[PDB]
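Below, in structure tokens: the form deposited in one PDB entry, a single chain.
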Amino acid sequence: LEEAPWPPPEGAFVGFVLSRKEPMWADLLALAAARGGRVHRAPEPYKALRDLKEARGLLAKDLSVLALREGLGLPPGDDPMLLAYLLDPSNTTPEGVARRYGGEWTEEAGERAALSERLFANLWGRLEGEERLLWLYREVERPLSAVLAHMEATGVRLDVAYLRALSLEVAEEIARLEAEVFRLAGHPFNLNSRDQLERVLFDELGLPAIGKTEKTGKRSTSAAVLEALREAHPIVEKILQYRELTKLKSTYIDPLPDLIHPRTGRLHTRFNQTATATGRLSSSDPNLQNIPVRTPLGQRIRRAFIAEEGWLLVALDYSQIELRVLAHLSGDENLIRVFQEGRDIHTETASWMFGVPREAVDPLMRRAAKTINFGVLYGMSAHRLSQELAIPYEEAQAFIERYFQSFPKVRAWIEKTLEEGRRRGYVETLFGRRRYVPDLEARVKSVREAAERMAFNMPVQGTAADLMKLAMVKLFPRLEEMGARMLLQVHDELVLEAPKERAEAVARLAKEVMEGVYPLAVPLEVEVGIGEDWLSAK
């Protein structure tokens, strides 16, 4: 390409190099652009950002986030990654997309700009005729990237002092647990080492080995195994408690306070748009889509996520989302009637397994019911179900029988989905998002049946993701007009931040937008709450 002077013409494809993957923390090391057979390299990247009206190219969102960090309104536009991701969700990295569609992903901005131009031309050509995939690109993914950019650049407020004090408290308790484990073992050892713990439990203490690990075939010390051994030795109980606290302390309590950005004073995650096989987003650096919430200590961690002074958090979460999607996709009249009558399958399964009235079901019980309802739906075995439900194997097999017998159209849909996946080689969501599942024709049963479970799950989970994404695209401009912020997304949930005097109005509006994003054969219901912290708003 002919090297031309900065700036480039409007509509050029951008290429950029970051000192680190996180745009909110990265130094913009180089900036370049390409169009019309030319390449423009910026003398000073930061100054050069002011010259762009739109970020078109690979990882456009990341550059837009960095521009927002610097107070620049540089929205993301076309991104070859989103085109490749829609053609095949296994296209998740620029390294692979480049090598697959005509280029090489290097570490030079000028080459990345030229690569973005070449890959867009080729990928856009491959989507000619894919009307449904082009609709998802034009109406969902491309506009969503702008929404995610603003979310990432905004961040969430965290109660640092609260978590600092919590760290010191949990530390003392971990010391009491580790000292108790060492005494029962008769000697000290690295309790974090599952190899050393394996010997203590199964060689020294002589406890029975329940299961083995996948790759190396060692005797597993997983929670499920230890749960089965909860009454075989007092050490097992202390280990489970040690595992819980060290996990929450090492992954959330201690790391998150150190990630507050100096310029914003807030915590900034990344929402990765081409990371999953089903169309879901993912969150990383740090992951804010798996913040603790189940246990009492987990709830205390949620409370650390707070609203800015004078603001309130608004949390909206779809009710029984994939079950409602399943009703629409399958067309089972019985399942449809469940939601038309306002029933809650999670509560009903919870009341059955715990033997208590509906009003006695606590959040912990309901989460346990979710595992069963979705576990059974997506192919859980009676053997595992018997252990999860703590019932005889014969009763567990009966549970799976009544489950599908209650909704006979579900099985018919599963077989229709798998058959089409075998013939076409991919399954699709309600909006046409595809996932290629070639192992549906595999000759090894284990491999084949694994692909099958992945296959007919993707339309359900993927449609829910399509719906959530479309709702985010619709809702974002409405929140801007009301002075509200979109902070976090958790697959079927949104966390917003609104002025105290507008929180009620935002909550009502966001609820309506989410529930009416795309009318289905069943109503989409959203649970909404308002509070100064994430747990309160739930």
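Counting begins at 1, following the sequence as shown. Superpose the two forms; the largest set of C-alphas matching within 1.5 Å is the rigid core. Only residues modelled in both forms are compared.
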query	finding
Residue range whose averaged C-alpha B-factor is higher in the record, 415-423 or 318-326	415-423
Residue range whose averaged C-alpha B-factor is higher in the record, 49-57 or 487-495	49-57
C-alpha B-factor winner, where the candidates are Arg219, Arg132, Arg176, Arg434	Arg176
Out of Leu226, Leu267, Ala451, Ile253, highest CA B-factor residue	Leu226
Ranked against its chain, the third holding the CA B-factor of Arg478	middle
Chain-wide C-alpha B factor ranking for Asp79, given as lowest, middle or highest third	lowest
CA B-factor ranking of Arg194, expressed as a third of its chain	lowest
Chain-relative CA temperature factor third for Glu515	middle
Lowest, middle or highest third - CA B-factor, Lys469	lowest
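The discussion below concerns the form deposited in another entry, not included here.
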item: Identity of the moved residue from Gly265, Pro363, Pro408, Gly129, C-alpha shift 2 angstroms or more, core fit between this form and the one not shown; value: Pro363
item: Distance direction in that other deposited form for the C-alpha atoms of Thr347 and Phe305, relative to the displayed form (3 angstroms or more); value: farther
item: Comparison of CA distance in that other deposited form with shown form for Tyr242, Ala368, at least 3 Å; value: farther
item: Moved residue ranges in sequence order between this form and the one not shown, Cα 2 Å or more, at least 3 long, core fit; value: 345-372, 376-378
